[PDB]
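final19.cif follows (mmCIF, N, CA and C atoms):
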```
data_upload
#
loop_
_atom_site.label_atom_id
_atom_site.label_comp_id
_atom_site.auth_asym_id
_atom_site.auth_seq_id
_atom_site.Cartn_x
_atom_site.Cartn_y
_atom_site.Cartn_z
N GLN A 1 4.99 -47.02 57.38
CA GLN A 1 5.36 -45.79 56.64
C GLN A 1 5.37 -46.06 55.14
N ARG A 2 5.97 -45.15 54.38
CA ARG A 2 6.03 -45.27 52.93
C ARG A 2 7.05 -46.32 52.50
N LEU A 3 7.36 -46.34 51.21
CA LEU A 3 8.43 -47.18 50.67
C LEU A 3 9.72 -46.95 51.44
N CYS A 4 10.40 -48.02 51.80
CA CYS A 4 11.68 -47.90 52.48
C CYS A 4 12.79 -47.84 51.45
N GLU A 5 13.43 -46.69 51.38
CA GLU A 5 14.42 -46.41 50.36
C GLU A 5 15.72 -47.13 50.65
N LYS A 6 16.47 -47.40 49.60
CA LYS A 6 17.75 -48.06 49.71
C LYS A 6 18.70 -47.44 48.70
N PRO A 7 19.88 -46.98 49.16
CA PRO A 7 20.86 -46.34 48.28
C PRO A 7 21.29 -47.27 47.16
N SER A 8 21.14 -46.81 45.92
CA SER A 8 21.44 -47.61 44.73
C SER A 8 22.84 -48.21 44.80
N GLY A 9 22.89 -49.53 44.91
CA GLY A 9 24.16 -50.21 45.02
C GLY A 9 24.70 -50.60 43.66
N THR A 10 23.95 -50.26 42.63
CA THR A 10 24.35 -50.56 41.26
C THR A 10 24.80 -49.28 40.59
N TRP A 11 24.62 -48.19 41.30
CA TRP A 11 24.98 -46.88 40.82
C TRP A 11 26.25 -46.43 41.51
N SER A 12 26.85 -45.37 41.02
CA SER A 12 28.12 -44.89 41.55
C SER A 12 28.35 -43.43 41.18
N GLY A 13 29.02 -42.70 42.06
CA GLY A 13 29.37 -41.32 41.78
C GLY A 13 28.17 -40.40 41.84
N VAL A 14 28.24 -39.32 41.08
CA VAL A 14 27.15 -38.37 41.00
C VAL A 14 25.98 -38.95 40.20
N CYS A 15 24.79 -38.43 40.45
CA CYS A 15 23.61 -38.85 39.72
C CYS A 15 22.96 -37.65 39.04
N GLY A 16 22.48 -37.85 37.82
CA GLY A 16 21.92 -36.75 37.05
C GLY A 16 20.66 -37.13 36.30
N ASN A 17 19.93 -38.11 36.80
CA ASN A 17 18.75 -38.62 36.11
C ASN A 17 17.89 -39.45 37.05
N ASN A 18 16.59 -39.41 36.84
CA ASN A 18 15.66 -40.13 37.70
C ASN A 18 15.15 -41.39 37.03
N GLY A 19 15.04 -41.36 35.71
CA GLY A 19 14.47 -42.47 34.99
C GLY A 19 15.42 -43.62 34.81
N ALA A 20 16.61 -43.34 34.29
CA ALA A 20 17.64 -44.35 34.14
C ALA A 20 17.98 -44.94 35.50
N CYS A 21 17.99 -44.07 36.50
CA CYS A 21 18.11 -44.48 37.89
C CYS A 21 16.98 -45.42 38.28
N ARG A 22 15.74 -45.01 37.99
CA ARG A 22 14.58 -45.81 38.35
C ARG A 22 14.67 -47.16 37.68
N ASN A 23 14.86 -47.12 36.37
CA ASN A 23 14.95 -48.31 35.54
C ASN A 23 16.00 -49.29 36.05
N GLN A 24 17.17 -48.76 36.39
CA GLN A 24 18.26 -49.58 36.88
C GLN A 24 17.85 -50.30 38.16
N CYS A 25 17.28 -49.54 39.10
CA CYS A 25 16.76 -50.11 40.33
C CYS A 25 15.73 -51.20 40.04
N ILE A 26 14.87 -50.98 39.05
CA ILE A 26 13.82 -51.95 38.69
C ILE A 26 14.42 -53.31 38.37
N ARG A 27 15.26 -53.33 37.35
CA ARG A 27 15.76 -54.57 36.79
C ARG A 27 16.92 -55.16 37.58
N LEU A 28 17.86 -54.33 38.01
CA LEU A 28 19.08 -54.84 38.63
C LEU A 28 18.90 -55.07 40.12
N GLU A 29 18.26 -54.12 40.79
CA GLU A 29 18.11 -54.20 42.24
C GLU A 29 16.71 -54.65 42.62
N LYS A 30 15.91 -54.94 41.61
CA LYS A 30 14.56 -55.49 41.79
C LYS A 30 13.66 -54.54 42.57
N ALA A 31 13.95 -53.26 42.49
CA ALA A 31 13.17 -52.24 43.19
C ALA A 31 11.94 -51.88 42.39
N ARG A 32 10.89 -51.48 43.09
CA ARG A 32 9.63 -51.15 42.45
C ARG A 32 9.62 -49.71 41.96
N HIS A 33 10.36 -48.86 42.65
CA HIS A 33 10.49 -47.47 42.25
C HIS A 33 11.91 -46.98 42.51
N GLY A 34 12.31 -45.90 41.86
CA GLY A 34 13.62 -45.33 42.08
C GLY A 34 13.68 -43.90 41.60
N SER A 35 14.59 -43.11 42.16
CA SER A 35 14.73 -41.72 41.78
C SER A 35 16.09 -41.17 42.18
N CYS A 36 16.39 -39.98 41.72
CA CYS A 36 17.66 -39.33 42.00
C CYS A 36 17.45 -38.27 43.07
N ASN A 37 17.30 -38.72 44.30
CA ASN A 37 16.95 -37.85 45.41
C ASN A 37 18.10 -36.91 45.76
N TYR A 38 17.78 -35.76 46.31
CA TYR A 38 18.79 -34.77 46.63
C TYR A 38 19.14 -34.80 48.11
N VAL A 39 20.06 -35.68 48.46
CA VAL A 39 20.65 -35.67 49.78
C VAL A 39 21.77 -34.64 49.82
N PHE A 40 21.44 -33.47 50.33
CA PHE A 40 22.34 -32.32 50.34
C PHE A 40 23.75 -32.72 50.77
N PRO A 41 24.78 -32.24 50.04
CA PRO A 41 24.62 -31.33 48.91
C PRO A 41 24.69 -32.00 47.54
N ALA A 42 24.28 -33.26 47.43
CA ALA A 42 24.43 -33.99 46.17
C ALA A 42 23.20 -34.82 45.82
N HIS A 43 22.99 -35.03 44.53
CA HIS A 43 21.95 -35.93 44.05
C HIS A 43 22.46 -37.36 44.04
N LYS A 44 21.76 -38.24 44.72
CA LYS A 44 22.15 -39.63 44.79
C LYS A 44 21.02 -40.52 44.34
N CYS A 45 21.38 -41.63 43.74
CA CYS A 45 20.41 -42.56 43.22
C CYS A 45 19.85 -43.40 44.36
N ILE A 46 18.54 -43.38 44.50
CA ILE A 46 17.89 -44.07 45.60
C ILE A 46 16.78 -44.99 45.08
N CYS A 47 16.92 -46.28 45.35
CA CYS A 47 15.91 -47.25 44.97
C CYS A 47 14.88 -47.37 46.08
N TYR A 48 13.63 -47.60 45.71
CA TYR A 48 12.56 -47.74 46.68
C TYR A 48 12.05 -49.17 46.73
N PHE A 49 12.00 -49.72 47.93
CA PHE A 49 11.53 -51.07 48.14
C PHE A 49 10.32 -51.06 49.07
N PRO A 50 9.30 -51.88 48.75
CA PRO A 50 8.08 -51.98 49.56
C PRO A 50 8.38 -52.29 51.01
N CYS A 51 8.03 -51.36 51.87
CA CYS A 51 8.35 -51.47 53.28
C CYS A 51 7.14 -51.98 54.06
#
```
Once more with this new file: its structure as structure tokens, please.
Amino acid sequence: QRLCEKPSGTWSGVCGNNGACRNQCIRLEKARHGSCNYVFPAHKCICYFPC
């Protein structure tokens, strides 16, 4: 399947950005991609790792 997502463990609380989220996942969680996905009813930071 696609990239296997992993809930940002370096992030906390509500999320309001995709880039800072992505960037954080890149450097801190060593993720290749990241975004602020909308897991209803809230936006959560999700890092993407090569699956």
One decimal, Å: what's the distance from CA of residue 49 in chain A over to atom C of residue 11 in chain A, could you say? 16.8 Å
Residues near range 36-42 of chain A, cut-off 6.5 Å, all atoms listed in the file, skip fewer than 2 positions along chain, as a list in words: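 Selected residues are residues 15, 17, 18, 19, 21, 22, 34, 44, 45 and 46 of chain A.
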Starting from the PyMOL selection byres ((chain A and resi 5) around 6), expand the selection into actual residues of this file and give them as number ranges by chain. A: 3-4, 6-7, 46-49
Can you list every residue in chain A that DSSP puts in helix (DSSP H, G or I), as a PDB file with N, CA and C atoms, in the coordinates of the input?
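Everything below was put into out.pdb:
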```pdb
ATOM      1  N   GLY A  19      15.040 -41.360  35.710  1.00  0.00           N
ATOM      2  CA  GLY A  19      14.470 -42.470  34.990  1.00  0.00           C
ATOM      3  C   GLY A  19      15.420 -43.620  34.810  1.00  0.00           C
ATOM      4  N   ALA A  20      16.610 -43.340  34.290  1.00  0.00           N
ATOM      5  CA  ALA A  20      17.640 -44.350  34.140  1.00  0.00           C
ATOM      6  C   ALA A  20      17.980 -44.940  35.500  1.00  0.00           C
ATOM      7  N   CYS A  21      17.990 -44.070  36.500  1.00  0.00           N
ATOM      8  CA  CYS A  21      18.110 -44.480  37.890  1.00  0.00           C
ATOM      9  C   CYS A  21      16.980 -45.420  38.280  1.00  0.00           C
ATOM     10  N   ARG A  22      15.740 -45.010  37.990  1.00  0.00           N
ATOM     11  CA  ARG A  22      14.580 -45.810  38.350  1.00  0.00           C
ATOM     12  C   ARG A  22      14.670 -47.160  37.680  1.00  0.00           C
ATOM     13  N   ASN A  23      14.860 -47.120  36.370  1.00  0.00           N
ATOM     14  CA  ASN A  23      14.950 -48.310  35.540  1.00  0.00           C
ATOM     15  C   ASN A  23      16.000 -49.290  36.050  1.00  0.00           C
ATOM     16  N   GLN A  24      17.170 -48.760  36.390  1.00  0.00           N
ATOM     17  CA  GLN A  24      18.260 -49.580  36.880  1.00  0.00           C
ATOM     18  C   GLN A  24      17.850 -50.300  38.160  1.00  0.00           C
ATOM     19  N   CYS A  25      17.280 -49.540  39.100  1.00  0.00           N
ATOM     20  CA  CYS A  25      16.760 -50.110  40.330  1.00  0.00           C
ATOM     21  C   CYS A  25      15.730 -51.200  40.040  1.00  0.00           C
ATOM     22  N   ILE A  26      14.870 -50.980  39.050  1.00  0.00           N
ATOM     23  CA  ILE A  26      13.820 -51.950  38.690  1.00  0.00           C
ATOM     24  C   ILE A  26      14.420 -53.310  38.370  1.00  0.00           C
ATOM     25  N   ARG A  27      15.260 -53.330  37.350  1.00  0.00           N
ATOM     26  CA  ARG A  27      15.760 -54.570  36.790  1.00  0.00           C
ATOM     27  C   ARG A  27      16.920 -55.160  37.580  1.00  0.00           C
TER      28      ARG A  27
END
```
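Across the structure, atom N of residue 2 in chain A and atom C of residue 24 in chain A are spaced 20.8 Å apart.
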At what distance in Å, to one decimal, does atom N of residue 43 in chain A lie from atom C of residue 29 in chain A? 20.7 Å
